[PDB]
Each structure stands twice: as structure tokens, then as C-alpha cells.
Amino acid sequence: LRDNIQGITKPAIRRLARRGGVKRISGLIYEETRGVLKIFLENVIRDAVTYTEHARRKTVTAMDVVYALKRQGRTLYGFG
Amino acid sequence: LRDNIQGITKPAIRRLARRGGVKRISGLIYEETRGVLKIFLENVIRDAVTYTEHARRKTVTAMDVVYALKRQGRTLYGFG
Amino acid sequence: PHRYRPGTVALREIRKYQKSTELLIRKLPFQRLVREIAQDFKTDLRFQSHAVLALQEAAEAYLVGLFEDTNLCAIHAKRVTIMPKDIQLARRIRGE
Amino acid sequence: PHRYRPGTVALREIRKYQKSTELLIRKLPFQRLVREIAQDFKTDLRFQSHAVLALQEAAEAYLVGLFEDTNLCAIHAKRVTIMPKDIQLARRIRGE
Amino acid sequence: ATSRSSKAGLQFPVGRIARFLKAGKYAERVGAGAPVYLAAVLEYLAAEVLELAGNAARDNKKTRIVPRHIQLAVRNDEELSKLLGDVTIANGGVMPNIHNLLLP
Amino acid sequence: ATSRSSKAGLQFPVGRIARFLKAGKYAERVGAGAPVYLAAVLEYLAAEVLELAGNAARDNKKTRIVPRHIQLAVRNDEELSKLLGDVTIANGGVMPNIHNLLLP
Amino acid sequence: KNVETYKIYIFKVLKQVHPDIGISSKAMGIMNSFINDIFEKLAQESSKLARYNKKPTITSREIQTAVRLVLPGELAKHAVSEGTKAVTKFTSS
Amino acid sequence: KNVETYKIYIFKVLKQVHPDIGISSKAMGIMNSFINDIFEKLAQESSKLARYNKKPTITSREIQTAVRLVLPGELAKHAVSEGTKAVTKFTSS
DNA sequence: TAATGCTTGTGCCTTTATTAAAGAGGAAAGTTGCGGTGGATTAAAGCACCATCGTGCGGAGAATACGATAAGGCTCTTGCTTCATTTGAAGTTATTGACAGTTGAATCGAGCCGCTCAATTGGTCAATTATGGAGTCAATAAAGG
DNA sequence: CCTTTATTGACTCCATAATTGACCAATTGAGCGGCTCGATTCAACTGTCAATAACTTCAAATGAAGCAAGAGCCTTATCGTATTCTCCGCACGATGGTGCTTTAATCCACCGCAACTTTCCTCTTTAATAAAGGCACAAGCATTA
């Protein structure tokens, strides 16, 4: 598993921007978005892995992710 | 006690901006700042008054203000 | 043949993508990315599928909000094209 | 006589004010404003002095942070003068 | 054998809410009127949210409520959006809003 | 008659922290090693913050620590600023930071 | 194992509100999680209020103050009115 | 009524850190408030951790995981190392 | 304005799967008795907030000249969109194996409860020394030449 | 680069109040023992996560125009700024009143414990109907003329 951050293709970023209301997009927006997404994922996955490590488990469940998101003030409904 | 929001004079707003690193200030910044400050004060004082009322008291202490500030993620040290 | 002027198809795509509610990132690449990212913390980790789905939904919502803020910053500068400095400014103001 | 060019005294004031830690709003006008604001919630309220001091310190810190964000927004637009639209944009991005 | 929900004129489980309050160990003792108040508040909030979601569904010419309608109802109302500013609704989409400058 | 703080090689009141944990009703039961761990963590954090504040005071040619120095130490460090991002320090002031474009 | 939720009560409330409008299972999940979140927020706020004044009992006053501190504006006012009505109806019965 | 604070212990730690540097009363107030705030954060995190897994007892594991969840990065790593050292020294005595 | 491509919303047939509906029991809610621990009441006193009053200045308020920055407009070129072609990897189906998460019991380790006692810590008082303020010098920095 | 003038760190001397130390109360941490329970380990079972393979085929990659938006430069004006004069209300020191905060004792009332009964909700199973998919059609929007 190496260089999989490139799996977030340009059309995916463009579609995400269009959903957000962006009309035109620059060139380095893709790299900037990939870096930002990597940082966010690193934080959330670290918290989820800590939560699942505490319970002496090894499979990360949806509840761990929900708790990790809630700890950042990003509460998510629909996965309770 | 009417029209006391004008007691936040222009020099006070200019000093606050200078502390924040602002080099030039427009004309309507004073009115905008007064409105923003009034909103912030209204929220914090409302929470402090609620905290005071729960204790069946008539005098607002510093602890109520500290708790009200902490409720908004604005924790204050030095008034414990 | 027939060609659209620039920006018309972009406006149509903005209209279309804000109506629907499905996911916009392909699922398998995101699953691989999440697995690689988690491999740095604890090895031999297994992911329940619902956890990956929740992560994808949260990431997409966060990116949409960030792009809304970026568009606001770009409009503030008398521009219609978002730029990396807009993303940096929005993240800095948000406290990130 | 002798006159400074515009912006030099402003730079000196910026250098001087960030060094000090005293309060910048006059105490009595702020106390009167806080009392008037609280009169809208319950009449016949008494304020302990330390509560007023804490409110003043919190308000000044909040305004300084808001002005830092406003300066960032104004710099982003190739300007040196802060404008009400900068304050509105900073507050909107912050979530207020 | 009258249920406390029927005694207080509510539809929510006053007894279950009391059991939740006791089990959560929020305090060593819990009053008799606290579960009734909590049930009333929760029922009112649920009724308000369902009212707004049902209205949004009706304007869409749909006979059922879906997460898109719940998201629309939450975002179209000021106080609920204030209460749910950070909430992410699964399959909720976004509230359609295009900037005026971007229009031709 | 050996204090638990001396037994664990700490300076922090292990017994007082245990009493705080028990009185706060954070849980039904409290283990024997939890107060020791909590005291060690609190002592380490206090030592780190005091180290940074004392260094900041020394660079200022002052022989005492004041809230200005504590603010400087907190805002000059990365992880402490991450932990204290929203914290407002009384009589702390701000870090001198003038934008490059504002300079002549 | 039995999993307790608010599905039946939410359905009853909806049928009171919209007689001829149905709901989806995902909507039940979202509503149940929302109600659980609100309950948790109010309960922790009430526990904090009880801890502050060293009162070992949670009463209707604590719940009312938690509602005023958490819910905003007219939502809080309406919630307090409904809660007071329910409490008086329970006590007078 | 007597008040309880960490002033003496903060002074001892400072004298360990800086032998010839004093401190002001306002600095004691700020340090005491900071220590109290960290204590509450860690305690509520441990209580949530115990509630999640239905364990009625909060042991050193809960405190360690709360430290990892709250304190960031190298600060958390150093704090965990110090806590483990202290717990090991206590148990070995 | 106008014909035309053209993408979207409208409307009907199917179908499936997602929601509507019923029973066992089993898990939990309502009853009753008890009693002691917490909450409401009462009484007092003391301390901190309020309000008056003098004052005498430093900071706020207004005018004035102005010069520097914001804004509008022209140019241009290069970066970003749109459309045709091709392929390479995602989504789905069906199968399988083995690890990991749950549930149930024994039990031995462990934290709570109760009382004792002793000792660390905290409020109060006495003190002195770094720090605050005043006044002056030398270094630093800016503006017109 | 230079001179002149304004600004501020440095330096010293004096006041001061603010931090340091001692005492003695007084509150609470360490000790010891019994006891009930919980968390540790062991064991089977079962749920599902990971891995393989093949098939399709549509969305991503690439390239060729196409073109219009960002940016640089010039010009104008108007508006925040620095400086001087005037006045005004704020911070400070003193004093007096009082109400409202806090503490102590009492009485009563009300909620946790516990066993019991009964009752309402929740998996498992059966059914059915409304939204998604597909196919055909209208219809307003954009585009170059």
C-alpha cells in the first residue's frame, strides 16, 4: 500500500468542488486537497485506532469512528 | 442606561486593532465592531445570568462568567 | 459540431451535484487509502465495512464544507477560480 | 514644523501595544454597557467587580483575535485597510 | 396500572427515561419530576423536527420522510441549524445555494 | 507512615488526587494505580509548562515568572498551543507578529 | 440481545403530527440518534449543574436550567413551557 | 472554609526545575487553573471510556488511553512514559 | 428574435425490497412498605455593592491640510474548460477459509466500608527585597536634503 | 549618505507591596481488617473479514483546440492620517447605608432498596406496495446568426 493518495482522482475532487458550489478550479487545488484530506484522515483514524485499542479489540467498528468524529465536534448521525 | 454602546470610543477600537496588527482602519469598522461586541456580550451575559439564576442568587460572580465563557470554548485562566 | 461556452456545463454540474446525495469518491481507492493510513499506527488492523463507509461520508462532508469556505474566500478577492491560497486562508481562519 | 509620513506612527503604535498587557477599553463605559445589556434579562441585578473585569478581558481578547483574522482577510485582497466586509467574511468562516 | 407517560399526558417512555437517568449514574439521587420534564422536552423536539421534515417532504410531492428531507428541514430553520451546526446527516446532501456572482 | 507520593517518587498529592477522583463520582470504583498515573501526568505537564515559562522569563532578564511569560511560553510551543488553542490567559497579551506586507 | 430505541414513540409522534405521511428506516435511525444525543447533552449539563452547587439530587429545576443553557432562544422557551406543563399535569394527577 | 490548591506542589516542581527563579501569585493562580482544567479533561475522558465498555472501574489503562486521546503527539508520549514509570515504581514498592 | 441541439423533468409499466403487520416472552415498569438523609424554613450577622461627592487632569473630540492608497479601465496572454478516443481498473457476482469477537463459569485478586490516629497543610501574622515609578543618558530610527 | 528631531531601551535611586517564612490548628491521608464482587482466564462457537477469480464496461487519462479571466500597469480622487487646540468625564480617595450571602439548627418529606406482579416492547416471520429503473416524450435553456 504505497502512493494510494493518488487514488483520489481529479474528477472526484472536481465533483466534490462542484457539490460545494465552485465554478472554476485551479491546477494545484488537487494536491492541496489531497494533503488536507490526508491530514484529516490521519487525525480521525488515529483517534479511532486508539479507541479500538483500548477495548482490547483489533477490528475497527463504526462506533469507534463515530466516537472519534464526535471528539472533534463533527457528530455524525446514521451510524449509531 | 441607553445608548451606552457609544462609550466604546474610536480610540479604544483603534487601540484594539493596533494590538491585533492592523495598519489601516476604515470608517464603518467602528460600527461593525460595536455590533459584534454587543452580540458577544449578549450571549455571554445571558449564559452568566442563567448560571446565577440556577443558584437562586441575585449577584453575578466571576465563577458564573468563567463557566459561561467555558461553555463556548473560550476558557479563561486567572479568575478561578 | 456543437460546443458549449466555458462555464455553462460547470453551472449545470453545480446544479446537478447539489441535488443528489450519493458519494462522489470511488469506494475502493478510499478503502485502500484508509488502510494504508491506518497501517502507520497499528499493523494487522481489520476494518469493518461500516467504519470505512462512515469515514468516507465524513471526509466528503468535510471537503464540501472546506470548498464552500474556499469559494467564499475566492469571491472575496474578486475572482471566480479557487486557488491554494484560498484553501490555506480558510483553514487558517477556521483554526486548522 | 515636523510631520511624520502616514503609517509610521501606526507602525510604532503596533509595536508598542503588542508589548503591553494592560486593558484598552475604559473601565466605566464598559461597566455601564454590561449593566445595560444585563438589564434586558433580569432587572435589579448586582454585578461583582471581578465578573465585570473578566468580561472586559474576554471581550478584549475576542476583539483582538477577530481583528487578527480581519487583517488576514484584508491582506488576502491586496489591501492594507480593513473593511466591514473583511469582518463579515472572517465571522462567517469562523462559524459565527 | 397507569403508565407514567399516560399520567403526565405524554407519548414518550417516562419510565424508560428514568431508568436511563438512574443507570447512567449522572447523580446518586434523581427526582420524580426530572424524567417527566426530560420526556416532555424530548417529545417536543422530536415533534418539531418531524413537523419540519414532513413539510419538506410534502413540498417535494413525496409521501415518506427520507434523510434528504431531514437535512433540508434542519438547514432551512435557524434555531435547529444553530443546535445542529456541526451535525453531518448521512445521505443528507447539501442545501442548494449558488453565489450570485457565479450566475451569468 | 510513607506518603504515596514519596512511594511512587512524585511530588504531586497522590492521595489528594485519589480523593478528588473518588468524590467526583467519575466511576463506581477507582483502581489503586489510577491516581498515581494521573499525578505523574499532571506533574509532568506542570514541569514542562514551568520550564518553558522560566526560559521565557530568563530571555527577558527577569527573575520571576509572570502571566506574560506564561502566555509567551504557551504560544511559542506547538503541542502546548494545540492543547491550549482556545485558552485566553489573563494579562497575557499577544505575540509580536507584524505581517510582511505591512512593513515599509 | 434486545436493543431498546425510540422507534415506536417517534412513530406515534409522527402520526400525531402528519396523519398521512410515512417514514423510512434510515429516518428512524437518524431521529433515534438525534434524540439520544439531545438526551446525553441535557443529562451531562444537569449533572454539571448539580455538581457546581453540591446538590446530590437532580430535580426539574436542573433539567429546566440545562434546557435554557443548551437549547437556543424560542426553541428553549417552547421546550420549557412544554416541560412545565407536563410536570404540573403529572403532579396534579 | 479552607481552600484546596496545588500551590505548594507547583512551588516544589518549580524549585526542582529552576533553582533560582521565583514566581508570582498570579502565576500560581494560572498554573492552578491549568492543572485543574487538565485534571477535569482527563477525568471526564476516563469516565467516558469506562462507560463505553461497561467497566465500572477506571484503572491505569483508562488514564493512559485518556492521555493518548487528549494530549497531542510527543507531549502525550512523554506523559505516558512518565506515568508508566511512576506506576511501575509504585507497584514495585 | 429564432431554429436547433440537448439535457432535464414528466408520465407510465415493472418489481423488489423496504416498509406494514402479528405473536412469545421476557425484560422491565408500577405498587407497596420503610426510614433516614437531604431539602425547605427560619434567624442572624457581616461584608461587599451601591451611591454621593470633590477634583483635576490625561484622554477624548473636532478642524485642517494632505498625500497615499483604493478603485476603475485597458491590454494580453496563458491557464483552464470542453469534446472526441481509448483503455484500465472498479463494482458484482459466487466461494472459501480461518481468525476474531461473544457468551458462560470459576475463582482468586482487589477495592470499599469503618474506626483510629497522627501528621501534612492552610489561614494569619511579621518581614524584606525585586519590582514599579521618576528622571536622565545614549542608542535607535525616521524624514527632507 | 547626512543632519536634525522624535522615540525608546538602559541606567540609577527611591518607595512599596508582594512574595517568603514561622506558627499552630484542623482537616485528612496512611493503617488495618472483613467482605462481596469483578475482571481474568479458559473454552466453544459462530460471525464475518479477507482473499481469489472472472466478467463487463464506464469513468478516468490524454490530447486538441477555444477562449476569457487573472494580472500588470496607468490614472484619478477622496479619505484615513498626523498635528494642534479645547474641554470633559474618569479614575481615585472617603464615607455611609443596607441587603443579600453565608452559616447553623430543625423538621419534614421523599426517594433509594427490595420483593412482587403484570405489562408493554422487542426478534422472528409474513405480506404488500411505492420508489427506483427503464422507456418514450415534452420543454425550456443555450448558441450563433
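Residues numbered from 1 in each chain as written, not as in the entry; some residues may be left out. Chains lettered and ligands numbered in written order. Heavy atoms only, no water.

As recorded in the PDB entry, chain A goes by the name Histone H4, listed as coming from Arabidopsis thaliana. Quoted verbatim from the Sequence similarities heading of the UniProt record, the comment on chain A is "Belongs to the histone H4 family." (UniProt positions renumbered as here; feature names shortened; annotations may be inferred.)

Trainee: Sorry, what's going on with the interface of chain F and chain H here?
Mentor: Accessible area lost during the coming together of the parts is what is often quoted as the interface size. With 51 residues of chain F in contact, the opposing surface of chain H contributes 52 residues. A combined buried area of about 4,900 Å² lies between chain F and chain H, and 75% of that area is made up of carbon and sulfur atoms. Across the contact surface, chain F and chain H share two salt bridges. Here H:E4 and F:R19 are joined by a salt bridge, their closest N and O atoms 4.0 Å apart. In terms of residue count, helix α3 (residues 34–59) of chain F provides more of the side of chain F that touches chain H than any other element does, 18 residues in total. Across the side of chain F that touches chain H, the residue classes break down as 32 nonpolar, seven polar and twelve charged. As judged from the two bridges shared by strand β1 (residues 29–30) of chain F and strand β2 (residues 57–58) of chain H, these two strands associate in the parallel manner. Pairing of F:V30 across the sheet is with H:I58, part of β2(H). (Contact = heavy atoms within 4.5 Å. Buried area = accessible area lost by both parts, 1.4 Å probe. Salt bridge = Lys/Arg side-chain N within 4 Å of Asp/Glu carboxyl O. Helix = DSSP H or I, 4+ residues; strand = E, 2+ residues; numbered from the N terminus. Nonpolar A, V, L, I, M, F, W, Y, C, P; charged D, E, K, R; others polar. Pairing = 2+ DSSP bridges.)

Trainee: Sorry, what's going on with the pattern of salt bridges here?
Mentor: Opposite charge on two side chains permits pairing when their charged atoms draw close. All told, the structure shown has 25 salt bridges over all chains when counted by the stated rule. For C:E96, the salt bridge is made with C:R91, and the minimal N-O distance between the two is 3.3 Å. By relative accessible area, which is 46% here, C:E96 ends up partly exposed. Across the pair F:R16 and H:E4 runs a salt bridge, and its minimum N-O distance is 3.1 Å. Highlighted residues: F:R16 in helix α2 (residues 14–23) and H:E4 in the segment before α1 (7–17), drawn from two different chains. Under the relative-accessibility criterion, F:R16 is labelled buried at 13%. Salt bridges linked by common partners bring C:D69, C:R91, C:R94 and C:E96 together as one network. (Buried < 20%, exposed > 50% of the residue type's maximum accessible area, 1.4 Å probe, protein only.)

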